[PDB]
Each structure stands twice: as C-alpha cells, then as structure tokens.
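Shown next, in structure tokens, is the structure this report addresses.
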Amino acid sequence: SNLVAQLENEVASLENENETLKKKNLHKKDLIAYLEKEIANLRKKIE
Amino acid sequence: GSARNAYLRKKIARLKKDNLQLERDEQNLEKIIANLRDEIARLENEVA
C-alpha cells in the first residue's frame, strides 16, 4: 500500500525526466533542421 | 488487483531503459549539431 504508492511515484518521476529529455532532443532536432537549411543556402551561394 | 506490483515493476524497468536510450539519443544529436556547425563555418569561410 505504502509500497505501491512509492512505486507509482517512481513511475511518475521517471516519466517526467524522460518526457523532458525527449523534449530537449526534439529541440536539437529542430536545431539540426535549422543548420541544414543554413548549409543548403550557404551552398546555393557557391553552387 | 495485484500483479499490479508486477505491472509496476515491468513498467518501471521499461522506463529506465527508455532513459538510457534518450541519453544515448542526446549525445548523438549533440555530435550531429557540432558537425553541422563545423560544416557551416567552413562554408562561411569558403564563400567569404
């Protein structure tokens, strides 16, 4: 009872940490698309 | 009603595995970023 309570806490703690780390990644993914659009338009210059 | 413990156990394990992957995903995304940033620095130097 007190045990299931802690276990369910743990599940929720881990979900939060992961959900944020997943967001930080999704953002690095937006960043990448950004640098790639940069390179594409830098290259359009010479070529 | 129980095997509730069992479900909680397995789910927690999956979540821990999920974190070790998100961690691997983060460092690789960082390696990809620094390389694109390096590539843009060369390009900017070539064009300039």
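Within every chain, numbering begins at 1; the chains are lettered A, B, ... in the order of the sequence lines, protein sequences first and strands thereafter. Hydrogens, waters and symmetry mates play no part in the numbers below; they use all other heavy atoms, side chains included.
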Salt bridge flag under 4.0 Å for residues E19(A) and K23(A): yes
Salt bridge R42(B)-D38(B), side-chain N to carboxylate O under 4.0 Å: yes
Pairs flagged by side chain to side chain donor-acceptor pair (under 3.5 Å) wherever residues 6-18 of chain A is involved - sequence neighbours left out: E8(A)-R4(B), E10(A)-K16(B), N18(A)-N19(B)
Donor-acceptor side-chain pairing of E39(B) and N35(B) below 3.5 angstrom: no
What are the two closest heavy atoms between [X] and [Y], and how far apart are they?
X: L22(B); Y: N25(A); value: O-ND2, 3.4 Å
X: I39(A); Y: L36(B); value: CD1-CD2, 3.6 Å
X: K45(A); Y: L42(A); value: CB-O, 3.0 Å
X: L21(A); Y: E23(B); value: CD2-N, 3.7 Å
X: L35(A); Y: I33(B); value: CD1-O, 3.8 Å

Taking atom [atom1] of [X] as the centre, report whether more than 12 heavy atoms of other residues, nucleotides or ligands fall under 6.0 Å from it.
X: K22(A); atom1: NZ; answer: no
X: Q21(B); atom1: CD; answer: yes
X: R43(A); atom1: CZ; answer: no

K11(B) side chain reached by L7(A) side chain, heavy atoms, under 4.5 Å: no
Check: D18(B) and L14(A) side chains under 4.5 Å, non-hydrogen atoms: no
Euclidean distance, [Y] [atom2] relative to [X] [atom1], rounded to 0.5 Å:
X: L15(B); Y: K10(B); atom1: CG; atom2: NZ; answer: 14.0 Å
X: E46(B); Y: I40(B); atom1: CD; atom2: CD1; answer: 15.0 Å
X: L29(B); Y: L31(A); atom1: CG; atom2: CG; answer: 9.5 Å
X: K17(B); Y: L20(B); atom1: NZ; atom2: CG; answer: 7.5 Å

